[PDB]
Each structure stands twice: as structure tokens, then as C-alpha cells.
Amino acid sequence: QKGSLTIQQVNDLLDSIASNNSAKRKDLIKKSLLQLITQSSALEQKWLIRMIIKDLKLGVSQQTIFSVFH
DNA sequence: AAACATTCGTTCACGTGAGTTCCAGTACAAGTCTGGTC
């Protein structure tokens with residue numbers, strides 16, 4: 001019901017997944033995904049799946065996010 | 001001298017133009033789903 005991951009850790013794990021896919025090593029992808037699964041809650045994992053597939057469906061336009069930012 | 005007609009300022013109802021609020025139609029842009037091959 002509670003996670004123990006920070007944003008930097010998640011970015012590092014995703015970077016490892018991408019790089020190891022580029023290098024044709026699936027064991028490291030499995031290890032990174034296992035760490036993410038073991039150190040995350042169900043909601044966090046749902047959002048991680050959405051981020052991996054690259055579709056969040058927030059309902060707010062990218063232009064709106066940029067306008068809010070600056 | 002008395003009765004009737006006309007005129008006048010008033011009154012009401014009804015119709016038309018301009019201002020304001022609300023909603024439907026239109027336009028455009030982004031998001032989402034799909035197709036095909038290498």
C-alpha cells in the first residue's frame with residue numbers, strides 16, 4: 001500500500017531499461033522491472049505502465065501544461 | 001333665450017426601433033484510434 005521510490009530512481013530504472021534494450025540484454029530489463037514492481041504500489045504501477053506505453057490520457061492538452069509552466 | 005353641432009386638449013391602446021442577455025451554429029486545434037510496410 002506504500003512505495004519507497006523517488007522520481008530520480010524511477011528515471012534511472014527507465015534509463016536502464018532503454019539502454020539495455022539498445023544493447024540486447026533482456027536480463028537487465030527483467031531486473032529493473034522487478035525492482036520497480038517490488039518497490040511500488042498498484043497506483044504507481046498503473047501510472048508507470050501508462051508512462052512506458054507513452055499514453056497518460058490526462059484530458060489536459062500539452063499546450064495547457066506548457067502555458068501553466070511559463 | 002334654449003338646443004344641437006363642432007373643436008380642442010386629454011386619454012388609452014397598439015405598433016415599431018434600439019439596447020442587452022442568452023444560446024446555437026461555426027471555425028479551428030489537439031487528442032485518440034486505426035492502417036500499411038519495412
# chains A, B, ... in the order shown; residues from 1 in each chain; ligands from 1
>>> residues_around(residues="stretch 16-32 of chain B", least_positions_apart="3", cutoff="12 Å", atoms="only C-alpha atoms (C1' of nucleotides)", output="PyMOL selection string")
chain A and resi 55-64
>>> write_last_selection(atoms="C-alpha atoms", output="PDB file, in the first residue's frame")
ATOM      1  CA  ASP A  55      -0.144   7.428 -23.149  1.00  0.00           C
ATOM      2  CA  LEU A  56      -1.442   9.091 -19.982  1.00  0.00           C
ATOM      3  CA  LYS A  57      -4.905  10.335 -21.033  1.00  0.00           C
ATOM      4  CA  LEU A  58      -4.907  13.201 -18.540  1.00  0.00           C
ATOM      5  CA  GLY A  59      -7.534  15.120 -20.518  1.00  0.00           C
ATOM      6  CA  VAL A  60      -5.461  18.329 -20.435  1.00  0.00           C
ATOM      7  CA  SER A  61      -3.632  19.475 -23.548  1.00  0.00           C
ATOM      8  CA  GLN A  62       0.150  19.613 -23.718  1.00  0.00           C
ATOM      9  CA  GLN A  63      -0.332  23.259 -24.675  1.00  0.00           C
ATOM     10  CA  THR A  64      -2.201  23.851 -21.415  1.00  0.00           C
TER      11      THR A  64
END
>>> residues_around(residues="residue A:16", least_positions_apart="3", cutoff="9 Å", atoms="only C-alpha atoms (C1' of nucleotides)", output="number ranges by chain")
A: 11-13, 19-21, 28-29, 32
>>> write_last_selection(atoms="N, CA and C atoms", output="PDB file, in the first residue's frame")
ATOM      1  N   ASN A  11      13.445   7.413 -12.926  1.00  0.00           N
ATOM      2  CA  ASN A  11      14.102   7.808 -14.165  1.00  0.00           C
ATOM      3  C   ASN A  11      15.333   6.952 -14.423  1.00  0.00           C
ATOM      4  N   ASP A  12      16.105   6.657 -13.375  1.00  0.00           N
ATOM      5  CA  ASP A  12      17.284   5.814 -13.542  1.00  0.00           C
ATOM      6  C   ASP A  12      16.900   4.414 -14.003  1.00  0.00           C
ATOM      7  N   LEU A  13      15.855   3.837 -13.408  1.00  0.00           N
ATOM      8  CA  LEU A  13      15.435   2.497 -13.806  1.00  0.00           C
ATOM      9  C   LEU A  13      14.929   2.479 -15.244  1.00  0.00           C
ATOM     10  N   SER A  19      18.456   1.614 -22.201  1.00  0.00           N
ATOM     11  CA  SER A  19      19.823   1.327 -22.617  1.00  0.00           C
ATOM     12  C   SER A  19      20.033  -0.163 -22.826  1.00  0.00           C
ATOM     13  N   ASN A  20      19.516  -0.990 -21.916  1.00  0.00           N
ATOM     14  CA  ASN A  20      19.702  -2.427 -22.051  1.00  0.00           C
ATOM     15  C   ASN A  20      18.915  -2.981 -23.226  1.00  0.00           C
ATOM     16  N   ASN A  21      17.793  -2.357 -23.581  1.00  0.00           N
ATOM     17  CA  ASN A  21      17.128  -2.731 -24.824  1.00  0.00           C
ATOM     18  C   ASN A  21      18.004  -2.403 -26.022  1.00  0.00           C
ATOM     19  N   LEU A  28      18.779  -7.647 -17.771  1.00  0.00           N
ATOM     20  CA  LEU A  28      18.800  -6.377 -17.056  1.00  0.00           C
ATOM     21  C   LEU A  28      17.438  -5.692 -17.105  1.00  0.00           C
ATOM     22  N   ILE A  29      16.728  -5.806 -18.230  1.00  0.00           N
ATOM     23  CA  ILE A  29      15.364  -5.289 -18.296  1.00  0.00           C
ATOM     24  C   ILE A  29      14.494  -5.984 -17.262  1.00  0.00           C
ATOM     25  N   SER A  32      15.389  -4.649 -13.730  1.00  0.00           N
ATOM     26  CA  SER A  32      14.869  -3.309 -13.474  1.00  0.00           C
ATOM     27  C   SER A  32      13.361  -3.336 -13.261  1.00  0.00           C
TER      28      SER A  32
END
>>> residues_around(residues="residue A:42", least_positions_apart="6", cutoff="10 Å", atoms="only C-alpha atoms (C1' of nucleotides)", output="mmCIF file with C-alpha atoms, in the first residue's frame")
data_model
loop_
_atom_site.group_PDB
_atom_site.id
_atom_site.type_symbol
_atom_site.label_atom_id
_atom_site.label_comp_id
_atom_site.auth_asym_id
_atom_site.auth_seq_id
_atom_site.Cartn_x
_atom_site.Cartn_y
_atom_site.Cartn_z
ATOM 1 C CA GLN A 1 0.000 0.000 0.000
ATOM 2 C CA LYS A 2 3.039 2.315 0.179
ATOM 3 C CA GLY A 3 6.014 2.827 -2.113
ATOM 4 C CA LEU A 48 4.296 3.517 -14.734
#
>>> atom_distance(atom1="atom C1' of residue B:34", atom2="atom CA of residue A:18")
26.8 Å
>>> select_by_dssp(residues="chain A", states="helix (DSSP H, G or I)", output="ChimeraX atom specification")
/A:7-22,26-38,42-53,62-69
>>> atom_distance(atom1="atom CA of residue A:14", atom2="atom CA of residue A:51")
10.0 Å
>>> atom_distance(atom1="atom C1' of residue B:36", atom2="atom CA of residue A:50")
25.8 Å
>>> decode(residues="chain B", atoms="C-alpha atoms (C1' of nucleotides)", output="PDB file, in the first residue's frame")
ATOM      1  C1'  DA B   1     -83.433  82.535 -24.867  1.00  0.00           C
ATOM      2  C1'  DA B   2     -82.623  77.381 -25.476  1.00  0.00           C
ATOM      3  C1'  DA B   3     -80.887  73.213 -28.100  1.00  0.00           C
ATOM      4  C1'  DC B   4     -77.583  70.983 -31.158  1.00  0.00           C
ATOM      5  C1'  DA B   5     -73.105  70.691 -33.786  1.00  0.00           C
ATOM      6  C1'  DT B   6     -68.006  71.470 -33.872  1.00  0.00           C
ATOM      7  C1'  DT B   7     -63.408  71.881 -31.779  1.00  0.00           C
ATOM      8  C1'  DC B   8     -59.908  71.267 -28.543  1.00  0.00           C
ATOM      9  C1'  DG B   9     -56.687  69.180 -25.160  1.00  0.00           C
ATOM     10  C1'  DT B  10     -56.700  64.887 -22.964  1.00  0.00           C
ATOM     11  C1'  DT B  11     -56.548  59.866 -22.585  1.00  0.00           C
ATOM     12  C1'  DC B  12     -55.784  54.868 -23.735  1.00  0.00           C
ATOM     13  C1'  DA B  13     -54.290  51.069 -26.684  1.00  0.00           C
ATOM     14  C1'  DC B  14     -51.328  49.223 -30.178  1.00  0.00           C
ATOM     15  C1'  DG B  15     -47.268  49.169 -33.198  1.00  0.00           C
ATOM     16  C1'  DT B  16     -42.058  49.760 -34.296  1.00  0.00           C
ATOM     17  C1'  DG B  17     -36.800  50.714 -33.411  1.00  0.00           C
ATOM     18  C1'  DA B  18     -32.676  50.271 -30.334  1.00  0.00           C
ATOM     19  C1'  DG B  19     -30.166  48.187 -26.253  1.00  0.00           C
ATOM     20  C1'  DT B  20     -28.976  43.966 -23.513  1.00  0.00           C
ATOM     21  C1'  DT B  21     -28.582  38.895 -22.202  1.00  0.00           C
ATOM     22  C1'  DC B  22     -28.549  34.013 -23.630  1.00  0.00           C
ATOM     23  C1'  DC B  23     -27.886  30.124 -26.729  1.00  0.00           C
ATOM     24  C1'  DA B  24     -26.964  27.663 -31.260  1.00  0.00           C
ATOM     25  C1'  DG B  25     -24.056  27.297 -35.265  1.00  0.00           C
ATOM     26  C1'  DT B  26     -19.338  27.675 -36.939  1.00  0.00           C
ATOM     27  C1'  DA B  27     -14.417  27.514 -37.030  1.00  0.00           C
ATOM     28  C1'  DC B  28     -10.020  25.730 -35.619  1.00  0.00           C
ATOM     29  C1'  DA B  29      -6.723  22.886 -32.868  1.00  0.00           C
ATOM     30  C1'  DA B  30      -5.443  18.940 -30.156  1.00  0.00           C
ATOM     31  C1'  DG B  31      -6.321  14.156 -28.710  1.00  0.00           C
ATOM     32  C1'  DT B  32      -7.439   9.333 -29.809  1.00  0.00           C
ATOM     33  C1'  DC B  33      -7.990   5.430 -32.616  1.00  0.00           C
ATOM     34  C1'  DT B  34      -6.529   2.902 -36.949  1.00  0.00           C
ATOM     35  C1'  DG B  35      -3.848   1.055 -41.413  1.00  0.00           C
ATOM     36  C1'  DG B  36       0.276  -0.432 -44.126  1.00  0.00           C
ATOM     37  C1'  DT B  37       5.122  -1.784 -44.807  1.00  0.00           C
ATOM     38  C1'  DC B  38       9.956  -2.368 -43.978  1.00  0.00           C
TER      39       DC B  38
END
